[PDB]
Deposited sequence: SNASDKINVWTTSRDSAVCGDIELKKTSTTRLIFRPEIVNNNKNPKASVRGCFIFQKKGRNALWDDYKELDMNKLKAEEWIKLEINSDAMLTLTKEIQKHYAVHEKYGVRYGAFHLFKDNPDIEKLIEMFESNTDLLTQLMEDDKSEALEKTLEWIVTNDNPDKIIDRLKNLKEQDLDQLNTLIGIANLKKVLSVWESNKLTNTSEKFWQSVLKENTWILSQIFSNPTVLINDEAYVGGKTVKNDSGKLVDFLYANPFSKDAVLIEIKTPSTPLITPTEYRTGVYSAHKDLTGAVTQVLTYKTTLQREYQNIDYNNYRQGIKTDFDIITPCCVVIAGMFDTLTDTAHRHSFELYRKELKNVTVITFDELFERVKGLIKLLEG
């Protein structure tokens, strides 16, 4: 098995391999894709388990989550993911010719909406000693809302410029979703902190705040669903 997998990856003509693969039944290709996805999920879970208690750098976690965007698409139910002014579709980076993400979004064939994700460290505090939310959370929420507003305004301008050329007279409106990945939920030992945090999350208008623990519980749930 190992030698066959080594030979598949390292070969002269990938096109010949693809042509030989196309002769298989679709039910075999689906199960192969499912097994590869399960392997990727287990690898990500092991990586999180190894570095849970040590790494506190935002860059490491941002890179880890950017390497696995399809898991985020499955979790948040949208094939388009926007991280730091870049669009990921099907695990690949969409490279627009011009330096304008809105140009790609307006002509996007895959979906009409996207998901805006802001990624922090698991060490970010959540509550301050009812109780008030920490600054590191509200700053991220405000930043994501500002980015969403800018995207919507530019999309409206592009649509109006399209209208005046006679191409169309109908309205195209974009409403992205905002997600903020906060730190860890287990630190809220006392009931007061949990109650305040739950109320704060319930009061948010257009932003969904999720911790790392809940995210990887979701990862475990997806592993159990696919594997079962």
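Next on the checklist: If a residue lacks a C-alpha atom here, it counts as unmodelled; so which stretches of the deposited sequence fall into that category?
Outcome noted: The deposited sequence has unmodelled segments at 1-148, 278-283.
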